[PDB]
Amino acid sequence: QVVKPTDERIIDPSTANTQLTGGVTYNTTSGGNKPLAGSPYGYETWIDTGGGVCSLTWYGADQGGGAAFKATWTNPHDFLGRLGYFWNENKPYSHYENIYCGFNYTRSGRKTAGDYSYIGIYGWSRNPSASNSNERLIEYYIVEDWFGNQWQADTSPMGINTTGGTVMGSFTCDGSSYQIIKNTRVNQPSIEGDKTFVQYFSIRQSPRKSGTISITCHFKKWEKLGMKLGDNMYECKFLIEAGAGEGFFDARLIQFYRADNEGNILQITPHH
């Protein structure tokens, strides 16, 4: 019932395999979202100074769909590099309509990012009117891929022994089943200081390094499983998270776009 966007500005992720160059490399924590010149996007880096060298490099507004980045980590303590929509303007997910991210990247192989790692979509949302105070703040992940670890292949999807929490259900978006997990974080760091909050994970059962993520598919079907996001979406960004290890992530494409149900573009980046 939701029409797949056909717009010619959409880059086909499957053939988006040209290495990109240039842009500014950041080696330090950004301290929240930092807006990028000539772009609707913001980036964030979390680079704990008690660990080794990390970086994030934005490839700019004019190539690789406009949100494309490279990241590196060398024995980090939970590196997070992310880039995408920053919102935080008191709107629920439904306000943004059908959200999509076309992606294609290379990364280092199995066991190059520690015991835990995440690649995919990430953000937060606020639900202050929830009667359960634990559910008033939500940290969320749509996990397309990871690096596996010493025990588990990177071709095998992670489970609750990595994430923690409880399996809520499963659903299908973009040609794979996703196992859905809810986890409670008790007095943990958050965008709101040290507190109790919930986490939502969609774990792609069949990991991939390219394709399109129908982000709204997740938001909607989380809601069907009783996992509500509230009325103040914080952000929706493409993430690489590395618990430890020595590795890299290098996007040839990260392209966000939004469309109504007819499939017509509401937002996209970027004569013969």
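According to the deposited numbering, the stretch in the sequence shown is residues 4 to 273, 280 to 281, in order.
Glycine included, each C-beta is placed from N, C-alpha and C at the ideal position.
With at least 16 other beta carbons inside 10 angstroms of its own, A262 counts as buried. Per DSSP, reduced to three states, the secondary structure at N130 is coil, with no helix or strand assignment. By the neighbour-count criterion, in which 16 or more other beta carbons inside 10 Å mark a residue as buried, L269 falls on the exposed side. Counting along the chain, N186 sits inside the beta strand (DSSP E) bounded by residues 179-191. Leaving aside the five residues that flank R113 on each side, the residues in its chain whose CB is nearer than 7 angstroms to its CB run, in chain order, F150, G151, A156, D157.
Under DSSP, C239 forms a beta bridge with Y88.
Contact between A245 and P79 holds, with the beta-carbon distance rounding to 6 angstroms and staying under 8 angstroms.
The shortest C-alpha to C-alpha distance from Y237 to any of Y44, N93, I14 is the one to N93. Only residues of its own chain outside the window of five on either side were considered, and among them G26, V27, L39, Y46, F72, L86 have a CB closer than 7 angstroms to the CB of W61, listed in chain order. Following the DSSP letters along the chain, one finds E249 inside the beta strand (DSSP E) bounded by residues 249-262. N36 counts as buried, since at least 16 other C-beta atoms from the protein chains shown sit within 10 angstroms of its C-beta.
Assigned with DSSP and collapsed to three states, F222 falls in helix. Relative to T75, the option among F204, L232, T48, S97 whose CA is nearest is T48. Burial check for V6: the Cβ neighbour count within 10 Å stays below 16, so the residue is exposed. Taken atom to atom, the span from the alpha-carbon of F200 to that of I194 is near 10 angstroms.
Annotated three-state conformation of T9 is coil, per DSSP. By the C-beta density criterion, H281 is exposed, having fewer than 16 other C-beta atoms within 10 angstroms. The beta carbon of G53 lies closer than 8 angstroms to those of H80 in the same chain, with the five residues before and after it left out. Put simply, the backbone Cα of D177 is about 32 angstroms away from that of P192. C-alpha of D65 to C-alpha of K240: approximately 18 angstroms in a straight line. Of the residues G34, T31, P43, the one whose Cα lies closest to the Cα of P273 is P43. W154 is classed as exposed because its beta carbon has fewer than 16 other beta carbons within 10 Å across all chains shown. Nearest to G172 by alpha-carbon distance, out of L228, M161, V146, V189, is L228. Residues of the same chain with a CB within less than 6 angstroms of the CB of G248, apart from the 5 flanking positions on each side, are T115, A116, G117 in chain order.
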